[PDB]
Every structure is written in C-alpha cells, then in structure tokens.
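>>> need the 3D shape of this:
(one chain, ligands or ions: 3)
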Amino acid sequence: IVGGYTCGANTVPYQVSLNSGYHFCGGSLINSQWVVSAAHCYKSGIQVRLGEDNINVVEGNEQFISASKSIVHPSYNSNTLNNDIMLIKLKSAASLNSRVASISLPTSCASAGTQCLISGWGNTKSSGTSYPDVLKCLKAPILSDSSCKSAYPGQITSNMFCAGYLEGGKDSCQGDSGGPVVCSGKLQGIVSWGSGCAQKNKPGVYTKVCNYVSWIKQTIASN
Ligand SMILES: NC(=[NH2+])c1ccc2[nH]c(-c3cc([C@@H](CC(=O)[O-])C(=O)[O-])cc(-c4ccccc4F)c3[O-])nc2c1
Ligand SMILES: [Ca+2]
Ligand SMILES: [Cl-]
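Residues are numbered from 1 along each chain as shown. Ligands and ions are numbered 1, 2, ... in the order given. Take a look:
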C-alpha cells in the first residue's frame with residue numbers, strides 16, 4: 001500500500017497473508033475454511049496466516065493453517081488477468097473470534113464513488129521496494145467505468161473495476177495482490193493489477209467479486 005496508514009493490530013480481522021517462507025499475497029477469509037485471493041497468486045506450498053499484524057513477529061492471535069486445495073477460476077487468463085480469482089480451502093477450520101473473522105460476500109455490485117478499505121503488506125514505494133512489517137490500510141473510492149477504460153483502454157473487462165486516485169500517490173501495489181477491497185462491509189474486490197503503483201492516471205484494477213458470487217457458492221458447496 002503506497003500512501004496508506006497503519007491499520008492498527010487486528011482491525012481488519014478478515015485479512016490473511018499467503019506465505020511460502022515469506023509473504024507473497026494477501027487474501028480474505030469468507031467462512032472458517034475458505035479464503036478468496038487472486039488467481040495469479042497461485043503456487044503450491046501455501047500456508048495461510050490469519051490474525052496477523054506484524055508478519056515477522058509472532059505477537060499472539062496468529063493461526064497458521066496449510067491450504068488443502070487452491071481452486072483457480074477455470075477461465076482465468078494469465079495474459080489479460082480476466083477472472084483473476086482463486087478460492088483456497090484450509091486443511092482445518094480457523095477459530096473465529098474478534099481478531100479472526102470472515103467478511104460477507106456482496107448481494108449487489110457497488111457504484112462509482114463508493115468508498116472502500118484496501119489493506120495489505122505490499123510495497124509502500126511507488127519508486128523502489130519497501131515492504132512493511134505491519135498491515136497497511138488505504139481508503140479509496142471506486143471510479144466510474146468511463147474513467148477506468150480511459151485509463152486502460154482495451155484492457156478492462158466487465159469483471160474488473162478501478163478504484164483509487166487519478167492524481168497518484170495512494171494505491172495498492174505488488175504484495176497487496178489477492179487481498180481485500182471492502183465497501184460497506186462487503187467484499188467487492190480483490191487487488192489484481194495496475195501500471196506501476198500510485199502513478200498519475202493509472203489507478204488500481206480490481207476483480208469485481210459481485211460477478212462471482214454464484215460461482216464461489218457453487219464451488220464451495222461441491223468441495
Ligand atoms: N498499481 C496497483 N494498484 C497494483 C495492484 C496490484 C499489483 N500487483 C502487482 C504485481 C506486480 C508484480 C511485478 C513483479 C516484480 O517486479 O518483481 C510485475 O510483474 O510487474 C508481481 C505481482 C505478483 C505476481 C505473482 C505473485 C504475487 C505477486 F504480487 C503483482 O501482483 N502490481 C500491482 C500494482
Ligand atoms: Ca505476527
Ligand atoms: Cl475500451
């Protein structure tokens with residue numbers, strides 16, 4: 001997160017860190033055994049880390065659970081990043097409490113102007129790499145589809161939306177990938193891609209979760 005603030009320990013209880021010996025992507029807990037992340041964050045050997053604040057210190061509240069299976073959307077296109085969503089099933093269910101809680105899936109898609117909370121342990125520099133120890137947060141609005149397509153002509157599909165600031169300075173970045181975009185308590189997006197981080201007129205592009213609720217529900221129900 002570039003231009004964000006320190007969230008405060010466990011104030012984002014649904015945030016998870018996907019770890020393979022180091023933090024590589026974020027994710028969201030949607031029930032006690034499933035996490036939603038981005039398809040491009042897929043790899044084998046993933047350990048899901050819940051209740052984290054400082055990812056380099058065991059401070060208490062952490063629960064490290066291995067992933068039993070990762071299900072990348074069947075129509076994921078690694079070249080366009082269209083359908084950049086993945087479900088991870090945990091080996092054991094997590095103990096939910098105030099520090100570890102799931103977030104609700106939406107019933108409707110959000111409108112432009114909706115203010116959302118984006119969080120993660122991704123890079124904090126737009127020019128260079130600085131990775132934080134604790135979780136960073138950024139409040140950002142969903143942009144209109146016309147502004148989004150104007151910024152990324154020919155690269156936005158109906159399964160994507162832009163959120164952020166066209167002036168640059170505040171954005172999500174590499175490492176935040178897979179994590180949550182929550183608006184009015186519902187998970188509306190997944191950090192997917194963007195051109196650099198916090199560059200003028202190049203907002204972040206997110207996977208539009210409201211277009212995948214039936215898929216998520218059907219897939220969880222059959223696995
Ligand atoms: N501007 C934004 N709002 C934004 C949002 C998500 C991003 N995710 C990434 C991202 C970038 C990389 C670099 C890799 C490098 O320079 O070392 C790249 O390929 O350009 C990699 C990943 C990535 C790829 C696979 C797994 C985990 C990852 F974070 C990104 O998500 N950039 C991002 C930028
Ligand atoms: Ca920790
Ligand atoms: Cl277009």
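>>> use CA for all of it now, contacts and neighbours both
Fine.
>>> most proximal residue of the chain with respect to ligand 3?
Per C-alpha to the ion, the residue of the chain with the smallest distance to ligand 3 is residue 154, at 4.0 Å.
>>> next, that residue: secondary structure please.
Per DSSP: H, G, I helix; E, B strand; the rest coil, the local secondary structure of residue 154 is coil.
>>> how is the protein partitioned into domains?
Under the assignment named as curated CATH domains, the residue ranges that make up the domains of the chain are 1-12+103-210, 13-102+211-223.
>>> how far is the first one from where the chain is centred?
Going by C-alpha atoms, centre = their mean, to the nearest Å, the spacing between the C-alpha centre of domain 1-12+103-210 and its chain's C-alpha centre is 8 Å.
>>> ok, that domain near ligand 1 or not?
Yes. Under the criterion of C-alpha under 6 Å from any ligand atom, domain 1-12+103-210 makes contact with ligand 1 via 171-175, 177, 191-198, 203-204.
>>> OK, contacts around the residue nearest to the spatial centre of the chain?
To find the centre residue of the chain, average its C-alpha atoms and take the closest one (C-alpha atoms, centre = their mean): that gives residue 179, at 1.5 Å. When contacts are counted by C-alpha atoms under 8 Å, 6 or more residues apart in numbering, residue 179 is found next to 15-16, 25-28, 37-38, 118-120, 190-191.
>>> up against ligand 2, what does the chain have?
Neighbours of ligand 2 within the chain, by C-alpha under 5 Å from the ion: 52, 54-55, 57-58.
>>> so which of these belong to helices?
Using DSSP state H, no member of the residues of the chain next to ligand 2 falls within helices.
>>> please work out which of the domains of the chain is packed deepest.
Mean neighbour count, computed with mean count of other C-alpha atoms under 10 Å, is highest for domain 1-12+103-210 among the domains of the chain, reaching a mean of 21.
>>> now the phi/psi pair for residue 182, please.
Taking degrees, to the nearest 10, you get phi -110, psi 130 for the backbone angles of residue 182.
>>> any figure for the gap between it and residue 63?
When C-alpha to C-alpha, to the nearest Å is the yardstick, residue 182 and residue 63 sit 22 Å from each other.
>>> pretty sure residue 66 sits in a strand.
Yes. Residue 66 forms part of a strand when assessed by three-state DSSP.
>>> so what touches the lengthiest helix in the chain?
Looking across the chain with DSSP H, the single longest helix is helix 213-221. The set of residues external to helix 213-221 that reach it, using C-alpha under 8 Å, 6+ apart, is 87, 105-106.
>>> switch the cut-off to 7 Å
Outside helix 213-221, the residues that touch it by C-alpha atoms under 7 Å, 6 or more residues apart in numbering are residue 105.
>>> from the chain's centroid, how far away is that helix?
With C-alpha atoms, centre = their mean as the basis, the distance from the averaged C-alpha position of helix 213-221 to the chain average is 18 Å.
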